[PDB]
Amino acid sequence: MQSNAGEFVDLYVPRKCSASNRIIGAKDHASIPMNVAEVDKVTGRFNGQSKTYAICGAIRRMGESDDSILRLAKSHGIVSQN
Amino acid sequence: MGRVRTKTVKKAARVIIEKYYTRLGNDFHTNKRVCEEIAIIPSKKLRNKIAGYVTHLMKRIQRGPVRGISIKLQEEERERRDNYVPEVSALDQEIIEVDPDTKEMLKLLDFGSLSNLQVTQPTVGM
Amino acid sequence: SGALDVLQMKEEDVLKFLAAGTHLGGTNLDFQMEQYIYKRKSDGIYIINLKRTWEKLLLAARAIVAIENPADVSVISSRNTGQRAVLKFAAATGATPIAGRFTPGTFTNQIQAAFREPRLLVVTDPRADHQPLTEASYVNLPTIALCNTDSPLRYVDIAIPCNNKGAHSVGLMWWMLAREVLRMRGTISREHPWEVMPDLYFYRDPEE
Amino acid sequence: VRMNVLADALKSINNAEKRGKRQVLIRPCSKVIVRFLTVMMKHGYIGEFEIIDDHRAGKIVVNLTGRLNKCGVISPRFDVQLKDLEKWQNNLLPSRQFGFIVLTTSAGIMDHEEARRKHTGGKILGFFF
Amino acid sequence: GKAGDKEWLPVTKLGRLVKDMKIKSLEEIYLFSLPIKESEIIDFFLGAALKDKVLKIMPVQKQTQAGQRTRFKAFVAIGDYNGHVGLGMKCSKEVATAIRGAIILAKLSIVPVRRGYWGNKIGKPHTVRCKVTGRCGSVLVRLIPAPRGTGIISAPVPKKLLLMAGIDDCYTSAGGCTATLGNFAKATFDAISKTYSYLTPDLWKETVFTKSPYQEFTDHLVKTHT
């Protein structure tokens, strides 16, 4: 957040979950980052740079996260036509 | 009557059988004198109890495995059951066929072998 | 799948799926399990798609790879069928098994001596191991498990459908799970027969 | 009955956004709802929206994001005279800095920030933030 | 005579990374929304700006066949004047032990606040970003933003918390039974929490999802550490 100078304030800028577009607080212990491993996709062997996600507790606790994690990987890979 | 054994007996009885399994007999008097040497029990009457329960446990340990304490040879036979069972080496009998509506899935996923057909009657409980 | 046919399901594995009856799934359904099913028979039994099973296997396994420590991907199962299977899993691949009764408080205590902080979980059957799932949402653990048609989804991030009512469906699936993580991380890769088989991930099954 | 159409409309998109959705169905499609959502789209609280056509009155479908917190209606429709304005916007907005009271004027439907630059009072409809 | 402390050997993973000093601020922790399970982590980062303000020391007591039995339940506030506050309750047989139990618990539950401006900028935020609420069982508060130099206009109870928060200007109003102050202060604390859980147009740009400290610093923790 900006000021007169454009100087940035706020002690931490919180992170905003992928499929809910809302922000998770300092205490919120049902919110998970989930690391998918990429592969080279020529031999199907692990190669470094991961795809990382974040999900909030609200969609987790109702049981909607399973669709969200699927759709996120469906707009990328690995998922073709499921 | 009464005289149900306390936890102080049952705690140390298990321990003494685990670490001195070999020394045990199945006679009262021999199992007493062993407990006297491998440990000190500060009373005499207490000693006569802990021996008798050590004896009574050792009867059952020569059958199937006790669920309160472990010995070595049971963990041997555990491992022997849990690394191969004589029932199969084949997966599962190598060829198993399935009935239609499973065949339709396989048709649309490029598979077309090793099937049977039976079109079993309607319906649930009927 | 992703890569064109060097990750896609082979003709071989199809036989194993059908021989272990994984395709079959129970009578009762949930509204989160509607898409995974294709259809019903003429009888009460609903036929899970095996293509849809296969895609979910991969990113599930790829997440088990993505951690840089294999000693803190804690697997859990408490059903008798799922005891022998998980024990070989976490013996072969570096992982931590928690076999039998969970003994609650082991993801939130500072006094218990079985206290652990893992990152992932891999659970068999939500409705036998509901306890670790509830405690996972107090300390930010990602979660994976094996769902059936009638198993509800709640405090799980990804499902891996299966028949799993106590069958060869169980042990086969845990074997396949351990096969994939080695194709990416390990040197077992070649994708042509591995020495270890699914004939010892199956149930103890009391002998003669 | 359905005395006021716009008032029944906003509660759906309010309820839907809370549960976590991104497509809705709102009926029965008034022209008043269209120009409302047009202004609400420019600022960026919702995405593009598709008007289905029927002879009856139509139906509208919306694509939305979590940026919206709540859009409400204010009924019945009171007048504003550009000195009453400051009193309204204090009660109805979380802050001076952002939030947008909407209204209709003879110069068309618009936010309050625009109306002040045209010197036009008029009848207030709702709000959002 | 004899010298040297040795205090705080971590049994917690997060605690060990702080003790080896590869986590450089609490602001990293909050960004991943981790629990904090030890009271020395916070007291390592801070500890020379944290004050305590014991609100009430309240008796409660039940009835048994031998008569009364009374335990003392005290509330204790905590906060430095840069944006971090907390609050805690605890009860025990005696007084001092309950107080010291609460001074530990309040450090554990500490959180940051988000401060903002009135309608214009001149640097250094002095008030609350947006108009928020917070309820605890029929008590609620309506923290309303205020211009500079008005001071905190509130009852005595929330005037403690908001002043420690560094929120120097605020208008408030209460609703319901504020006599039972345990509700009243927990409802204030509830409101003060919501400040970073309220979405504003500033935060609409998308996050970069930087990798976790748990992931990057895992190399030191492959010895026997848990």
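What counts and how
- Residues numbered from 1 in each chain as written, not as in the entry; some residues may be left out.
- Chains lettered and ligands numbered in written order.
- Part of a larger assembly, values for the part shown.
- Heavy atoms only, no water.
- UniProt positions renumbered as here; feature names shortened; annotations may be inferred.
- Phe/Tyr/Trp six-rings, centres within 6.5 Å; stacked < 30°, edge-to-face > 60°.
- Helix = DSSP H or I, 4+ residues; strand = E, 2+ residues; numbered from the N terminus.
- Buried < 20%, exposed > 50% of the residue type's maximum accessible area, 1.4 Å probe, protein only.
- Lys NZ or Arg CZ within 6 Å of the ring centre and 35° of its normal.
- Contact = heavy atoms within 4.5 Å.

- Header annotation of the entry names cryo-EM as the structure determination method and lists the resolution as 3.6 Å.

- Looking at the PDB entry, one finds chain D named 40S ribosomal protein uS8, with Oryctolagus cuniculus as its source organism.
- Per the PDB header, the entry is named "Mammalian 48S late-stage translation initiation complex (LS48S+eIF3 IC) with beta-globin mRNA".

- As recorded in the PDB entry, chain A goes by the name 40S ribosomal protein eS21, listed as coming from Oryctolagus cuniculus.
- What UniProt states about chain A under its Subunit heading is, verbatim, "Component of the 40S small ribosomal subunit."

### A word on the packing of aromatic side chains
- For the structure on display, the rule yields 14 aromatic pairs over all chains.
- Both rings, one in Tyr45(D) and one in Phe128(D), keep their centres 5.5 Å apart while their planes meet at 75 degrees; by these two values the pair is edge-to-face. Of the two residues, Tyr45(D) is situated in the loop between helix 2 (31-42) and strand 1 (46-52) and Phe128(D) in strand 7 (residues 122-128); the sequence distance between them amounts to 83 residues. No difference in accessibility class separates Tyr45(D) from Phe128(D), as the two residues are buried.
- Taking the centre distance of 6.4 Å and the plane angle of 80 degrees together, the rings of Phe44(E) and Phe45(E) count as edge-to-face.
- Over the face of the ring belonging to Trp118(E) we find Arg96(D), whose NZ or CZ atom lies 4.1 Å from the ring centre.

### Focus: the environment of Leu64(D)
Residue and element names in this part refer to chain D.
- Residue position: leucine 64 is located in strand 2 (residues 59-64).
- Residue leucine 64 is classed as buried on the basis of its relative accessible area of 6%.
- Sequence separation between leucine 64 and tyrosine 45 is 19 residues, and the spatial gap between their C-alpha atoms is 7.2 Å.
- What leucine 64 contacts, discounting residues up to four positions off in sequence, is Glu17, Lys21, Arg22, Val24, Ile46 and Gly47.

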